[PDB]
Each structure stands twice: as C-alpha cells, then as structure tokens.
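Protein chains in written order, with PDB author numbering: chain A, 0 to 184, 193 to 267; chain B, 0 to 184, 193 to 267; chain C, 0 to 184, 193 to 267; chain D, 0 to 184, 193 to 267.
Note that CB positions come from ideal geometry on N, CA and C, so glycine has one too.
Below is one structure; the comments refer to it alone.
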C-alpha cells in the first residue's frame, strides 16, 4: 500500500483494540480504515474512537470482508480461533496481518506459516519494542557477565495475575540460561559460572515491571522494562505494520527491530 | 562528661570497630580515647585508625580497666559474653555503654536492665538512624493505608546471607501487621483489609536494601532504606553516645531519635 | 445520606470524570446517581460509564438541579467558575461537595469557606491518599534527619509538562524546609543542618513519580510516590465523600486521613 | 607468565591500591608478588594487606626494579607522572601493565602507544566491567529506540563531587548521541528523532549510580549501573591482567570483554 497505510483493527472494542486505535492515530504514516467486532458486540455502529476521544469516521463493524477490502493490514490481538478466520480472509484479499494473539498450539502455528507464503505477517509473542530489545541485549550481557555474577529476574505484576513468573520473565530467564550455555531451572567467585534466580511481587494494579539484575562484589547492572499501559504493545504492533508493508513472508519482532 | 565526649570502642579491630573509629572521628563533639581488643589480637599496639587512614594516638589495647578509666562511654558491637564483662566494668567505673551487640537471651537482657539503674545505656537491635525511622513511619503508613492496599516487604542482601527474610525485614513486617491489628504470617478492594507479603533477593555483596511497598489501583507508595556500608550503624551508635551523655537509665533508638 | 451514598460526578466526560465513575463503581459503599456535563458536550445522553465498560444506568445530563436533587454528594474536578456555580446549588439542595478543582484565588477560597458553614466540603490541592500521606511523613522524617543529610526532591513527569518542579514536588520541599526551620530556596557533617535540592526528569508519558531522598555517609532513605493513572486522585476523592458523610464544615485530606 | 599470574600493585597504600590487593586475592588465577609505594609512604615495610585483613607476605616496598623483576604484570591507578616512570621499567623488564591512571594528555598517550609495541598493555578510562558493558549496549539500544523516545542520563554521586555530569555520564551521552547520528549538546511522536537530556543528584557518599532512561508513551527502558565500592574497577583491572597475559600490544576494555 501507499502511505498512509490503511489499518484495520480486530477486537476493536477490547482493551487491546482501543489502544491500537490510539496507536494508529499517533503514527503519522498510518490511518484507521476499519474496526472489527463480532455480531454481539454492544459497540457495533459506534465510532472506533468513541472510548478514547477520537473521531475516526470508522463505524465498528462485523463485516469482515468489507473492512478487509478497504484495508492494507489487519492488526489482531484477539483469540486464536477468530484470528485464524481473519487470517484466511487476509490471504484471500491480499491484506498483511500483525498477529499479537497468543495461545496457538502446533496446528495454529502451522496455519500462520502457511499463510506467510501468500501475505506479509508479523507474528510475535510480545509486541513491546522495549521488551524485545531487552531480550536481545540480555544475551550480550549474560555472555560478558558469564562468571562471577548472581543473576536475578525480578518482576512486579497486578495482584490477581495467575502465572508466576510471567511469560516475559521466563523468556528473560531462557535467554540468559541460553547465553550461559545452560538449561533453565554460597559466594560466587570471579571464575565461578554466574547463577540465575527469580523473584515475584504481586500487588495493586501494576501493569508489569521486569528487571534483570546482575550482581557481583562492588557492582550491580540492572536492565529494566516498565510497562505504563497497553500502549507499549500497541505502538510496537503499529511499527510492525509499517515495517512489513510491501513484504511477503513470516517475520517476528527481531526482524522489525533489525536485530540478530 | 564535658564535650568533647571521650569514646572508647570495643572490638576495635573488627569490621564494626573500624567504622566506629571513623564515626567518632567524623562527629565534632566526640574524640577517641580507647580502642579495645582481646589479648590474641594481631593488632595490639597498633594505632586504632591504622586501617582507616587516621592517626588517633590511641594504641589498640587489651587493658580494659585502663581504657575505661579514661573514657566517658564505651561503644560495643562484639559478642554477648565479652560485652557483659565490659558492662560490669562500665558500671564500676561509671562509664556509659552503647550496646549494639545482638543475640542476648532473657538472662543477658536482665543483666543490661540491672546495670541501667547505675549507668547510661542505649541498647538497640539496630543502630541505623534511617532504619529506626523507617520502623516508626511504617506504623503511620500502615494505619492510613489499612484497607485496599497490597503490602510487600522486599529486601536485597549479599549472596551468602543465611536468614531470609532478614531481621530488619521481619521487624518491618511486625510493625505493619501490628498497625493492621493482625499477627505476622484475589483483588484487594477499597474496603478490604490490606494484605502483607515478603520478597527476597540474594546476590553479589549487597549490604542491605529494604523496601516496604504499599500498592493499590493507580498508586504505589514505597518506603526504602539503602545501607551503603556499616557506617550507618556506626554513625547512629555515636549519635546515641552523644544523646545519652549525662543520663542514667535504659534507652533505645526510639528515645535517641525523639520518637513515640 | 444512608449507605449506599449516592454520588454525582461533574465533568463526567473529562479525564478525571471517567476515572471517578470507575472509583464510585469500585467502592462498595457508594453508587453513581448523576453525571454532569455542560450543554455542548458530545456525550449528553450517553451512559456515564460508556467509555470505561460499565453500565451505570445514569445518562450524562446537563440538568444540574435534577441531578443534585437525587444525590448526596457531588465530586467536582473541573474549573473554578463552573465549580462555584455547582457549589451554590449544593448549598441550596443540602448536597456535600468534594472540590478537587484547583486554581482558585483568594475570592474563590472565601466562597468555599462560606458554603462550608452550610454543607460538608472536602477541599484539597491533592486527593491522592499516598501523596497526602507522604507530605505528612516527610515532616517527621525531616525533623529526625535534620542534621547531616543531603535532601533531594526528585521527580519524573511526561515530556510536555510545563511546571518544573511540579506542585507536588514544591509542596514536598515546603514541608521539608518547614520541618528544618527554614524557608524554601561541600560535605554535610553530622552536626551540619541538612540541605535541600531538586531534580527533574521530563520524558515520555510518565504520570508522575516523586521521591524524597535523604542521604548521608553510609545510608539513603527514600520516600517515594508513584502514580500509575488518575485513579489515585479519584479513589481518594471517593474516600473523602464517604468520610464527610453526615458532616458540615470545611475539611481537607489531612482530616480525611486522620492525620495531625 | 605461567598461572598463577604474579601481580604487582602500584600505589598500594591508596584507595585503589587496597582494593586491588583484595581483587588479586579473590581471583584464583592470580597472586600478589609486589606492592609499591613512593619513599615517603608511612606504609613502607607493612604487609600489603595490612588494612584489608590479609596476610600476603608482601612488604610494601619502594624498590621498583626489585618488584618488577619478580612480577608478570603491574596494575597502576596512580598519577600520570609516576605511571610513566613505571611504564619505562615494565618495558625494560618485559612486564605487562594495566593503566587505570587517568588524566594523560596527547604526549602521555603517545608514550603508552609506543611502549605497547614492546609489552602488553590494557589502557582504559574505566575498568568497571559493568560500565564498559553499559557503554556497549547503549549503542544498540539507542539505534533501535532512535525515534519516539525521550532519553535521560541520570546520575547520583557523593556531595562534594566537582564534575557534573560525571565522565561516565558524558560518555554514556556521547555513545547515545553517536548512535543517533548526532553531536552531544514538546511531545516526541513515533517518527520524531529521540532526544537526550541529563539529570544530576549530589548527596551523601553515593559511590556512583548511572541510569540511561529511554521513555515513550506506555514504556520505560532503563539501563542502570550501580557502583557499591571501588571493587568494581579493581576486579575489572584484574580481569584485564589475566586477559592480556601472553600478549603484546595496546588494548582496551572492549577488547578484554570481547566486544565490538
């Protein structure tokens, strides 16, 4: 597509969907061209920006074919089943797709791989630019600080969060353990292999703080990500939409960010 | 005693003792008049400041009677048994005593109480001015934030530390639980009683960081103490020496700080 | 009023108003009974919770008399002029009022004082429970740490914030300077009066972080408030509504929190 | 040299020298073989570890030729003039040299370059492993976060520190500005070039904290170094000694750490 890129948002009335509308609004190379919901949504017919203070001119719709016909890229952070119906239609209409939906098993992932032969896809477990950058720099840090350091993955989340450690924290752990030549799960001297541990805070409504702490005698290095809202994932999803414009293939956020 | 106050340091060659020598040096109302070690110390006869860059003129000595005869106050962060021998001599010589030694049981504590009838004593589990202030303000904070908050006591210590949570963290917990009308050890709504938990980091050579985190929807309050070295305990011990000058009785750091 | 307390929200379509709707929803002793906007609002006739996922049954209205007639308390974080029209009607209808509106000069403040003879008012520069608690504990901290400490007020705010230091930071400064017996604006030894300074970070979309750092040789004490969203002010405004129920008079957040 | 590597320490009685003695003691591949001071030092004839609790068997000496004759590497964090006398003798005796001394101008740097033709040298402005790693990762971070972020270099130091921002902070700035294609010294949208600023805290006896904060809408990334003591520089200097064993040439800490 020509600039500006015409973006459609699935699940436009959900929490991710609203922030995505704002993310499309903030990026100067994109415009909102569609906003999808299922046929039961209380929000059908409302302006896509009604809950975030924007007049987009785009009525929230359940007409998937009509929306895709006038869009260049669909951004989808919904559930696996509806995402894969949207996928088939993107393929048919030659629309790119940014899949932030998680929870696919082997057969869902195969479906995504197959469609990537025919359209541009960015499929990532996490769309935060900062998080993905953290995963990348942690490999380097852990290689250099491979002896003599105690390594702790510290995370803070909202009270009712079920998974401890979070998926992000576990990934940070896997990157570090990998860089140390190890598999995940006294005094550490200068030639002792650096050690890994996890600490978890569950409190209030914390969106998510993740710190990798590398500590030795006389120093601490801390690599920290702090999420203030879902805008971090939304902004990275829109960056990915812009990046994958004009491409066919299966990409991830490492590709988007020019890493590895 | 007249100013300047003449301070003697027990265990002058240990880690606390050296920092105490520096603490006496830094405070303008005090001077070093004695520095005690046991008869086996490699440091007998050396200047008390030999390891901290100071020329005090005070030879490290094992002559307890001679040192006490020319001092106004003894500061002692050693072990219970030698501390209680020093106690008897302070009583005899009318010297005040700042007891930072920990690990007394009921009979040691009774001995301290008895001697406080005859000399000035400050006996505290912790001599850090900041820590004791933290214990005091936590009562207030927890009373006001008694509903609706998730409370977490987070601490960082050096790798080989045995006790988790630390004694300081446990005290912070007891103060908070007490303020909530409770005994120590889902979503918290605005009228739900505030909850307490502990998180522990063991890494590197961290002297000790303690945070009490109070979290609710939309906000965090954090009350934090960071120890950079043993100087925090030493400086509070010297403040206590100055405070207890001219007094007889058993006092603690709440007294020294004018709290409660 | 009987429980549940019937709350009306002014400026219901603004940023504070939406969060207030959520705050009334979360508190079990309150219910939403009115939601006011001016006659030009695009949101007249919409459900008060339309932008925050709640079905309140309350249509956003411009009928001030009708709304006040069926409410016990109005919460108002709007502008001085419209707030003072609402004030007159609260007086007439015997409705309490929580004034979070700022920017009153001497004549506005006199108007609020006068109406407090006839209805219950809580009027505070800041409705965050944590912030007001911070202002209170800082007095104590600064009294105890009155000699020997370097004191720094550190704040982080969103990029385009105009005022540096923020009003909160300046208040923290005034409380501290006051506790030190001073007026606002080398090595600090143990008997030197503690010193005050300010540091400011302007970056991203940070809602607001405020830290008072007290530092000396060997230790740091940090008293920190972190705002994650406007819910902190909204939740404190609803606490104040509940507190002032059954009272006549002019109160502030120190009263609400049982402080001083 | 064979393992264990025989290390000599210049300025053995200074602050860096003492920590270096401890660093040599902690590393299992090194042993202390000499400890140098000038002819006026009060510490001549004392054991090199007298102030740090170690019995090294090495008398602090002013006999530079004798010490170098029995050592493989000299570690020197002293002053330019005495360092360059030591340099000439290392060249003569075929001893490697780790130069942590700073403040050389063009002619001193030329002298170091010349001697590197004849012996192994590691010459770095900063020997902290964590700091040098930070400088390296900041290039990557700033390249990826090149648009849309506000970047702040925040540092904390002891009260009487003269230089603001510190040399480390200025270097962090130069690395970032360089990565952004710029020279050092409103709302930042997603395609706006990321901006740089500095904030400085002067307080207490803080050894040195440095944070690079990258902030945008919805997220913060923080890359932080915290120095607890001079051991961080000392430990990196000993790592460099071990690394440069068996080499001739001029190297820096990027080389030691296997970076670039």
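In summary, residue 181 of chain B is exposed, with fewer than 16 beta-carbon neighbours lying within 10 Å of its beta-carbon over all protein chains present. Contact with chain C is found for residue 50 of chain A, since one of that chain's Cβ atoms lies less than 8 angstroms from the residue's Cβ. Against chain C, the CB of residue 8 of chain D has no partner CB under 8 angstroms away; the residue lies outside that interface. Annotation: Cβ neighbours of residue 151 of chain D in chain C (cutoff 7 angstroms, chain order): 208, 210.
When secondary structure is reduced to three states using DSSP, residue 121 of chain C falls in the strand class. Distance between residue 74 of chain B and residue 245 of chain B, taken at the CA atoms: about 8 angstroms. Contact annotation: residue 58 of chain A and residue 92 of chain A have beta-carbon atoms that are not nearer than 8 angstroms. The beta-carbon separation of residue 146 of chain D and residue 201 of chain D, rounded to 6 angstroms, stays under the 8 angstroms limit for a contact.
For residue 224 of chain C, a Cβ of chain B is located within less than 8 angstroms of the residue's own Cβ. In the three-state reduction of the DSSP assignment, residue 46 of chain B falls in the strand class.
Exposure of residue 14 of chain D is indicated by the presence of fewer than 16 other C-beta atoms within 10 angstroms of its C-beta.
Residues of chain C with a Cβ closer than 7 angstroms to the Cβ of residue 195 of chain D are, in chain order, 158. Residue 62 of chain B counts as exposed, since fewer than 16 other beta carbons sit within 10 angstroms of its beta carbon. DSSP places residue 240 of chain D outside any beta strand (DSSP E); the residue lies instead in the alpha helix (DSSP H), whose first and last residues are 238-251.
The Cβ atoms of residue 148 of chain C and residue 221 of chain C sit closer than 8 angstroms to each other. Residue 256 of chain C is classed as exposed because its beta carbon has fewer than 16 other beta carbons within 10 Å across all chains shown. Cα atoms of residue 184 of chain B and residue 172 of chain B: separation of roughly 9 angstroms, rounded to the nearest angstrom. At least one C-beta of chain D is nearer than 8 angstroms to the C-beta of residue 28 of chain A. With a threshold of 16 other beta carbon atoms within 10 Å, residue 27 of chain C falls short and is exposed. Chain order gives the chain B residues near residue 220 of chain A as 208, 210, where near means a beta carbon separation below 8 angstroms.
In the displayed model, residue 221 of chain B falls within a strand according to three-state DSSP. Uninterrupted alpha helix (DSSP H) stretches at least 4 residues long and entirely within the stretch 71-144 of chain A occur at 79-92, 105-114, 128-143, given in chain order. Residue-level contact by beta carbon fails for residue 14 of chain D and chain C, as no gap is shorter than 8 angstroms.
When secondary structure is reduced to three states using DSSP, residue 158 of chain D falls in the coil class, being assigned neither helix nor strand. Residue 249 of chain B and residue 242 of chain A have their C-alpha atoms roughly 59 angstroms apart.
Each of A:78, A:259, A:111 was checked against the Cα of residue 37 of chain A, and the nearest Cα belongs to A:78.
The count of Cβ pairs closer than 8 angstroms, one atom from the stretch 213-230 of chain C and one from the stretch 45-52 of chain B, stays below three, leaving the stretches out of contact. Against chain B, a Cβ distance below 7 angstroms from residue 85 of chain C picks out nothing, because the smallest value is about 25 angstroms.
Taking CB atoms only, residue 235 of chain C has a neighbour in chain A less than 8 angstroms away. Under the DSSP assignment, residue 31 of chain C falls in the beta strand (DSSP E) whose first and last residues are 29-34. With fewer than 16 other Cβ atoms inside 10 Å of its own Cβ, residue 198 of chain D counts as exposed. Taking all protein chains in view, the Cβ of residue 131 of chain B is crowded by 16 or more other Cβ atoms within 10 Å, so the residue is classified as buried. In the three-state DSSP reduction, residue 255 of chain A falls in the coil class, being neither helix nor strand. The C-alpha of residue 175 of chain A lies about 6 angstroms from the C-alpha of residue 141 of chain A.
Between residue 260 of chain C and the set C:253, C:230, C:7, C:120, the nearest pair of CA atoms involves C:120. Judged by DSSP in its simplified three-state form, residue 167 of chain A adopts helix.
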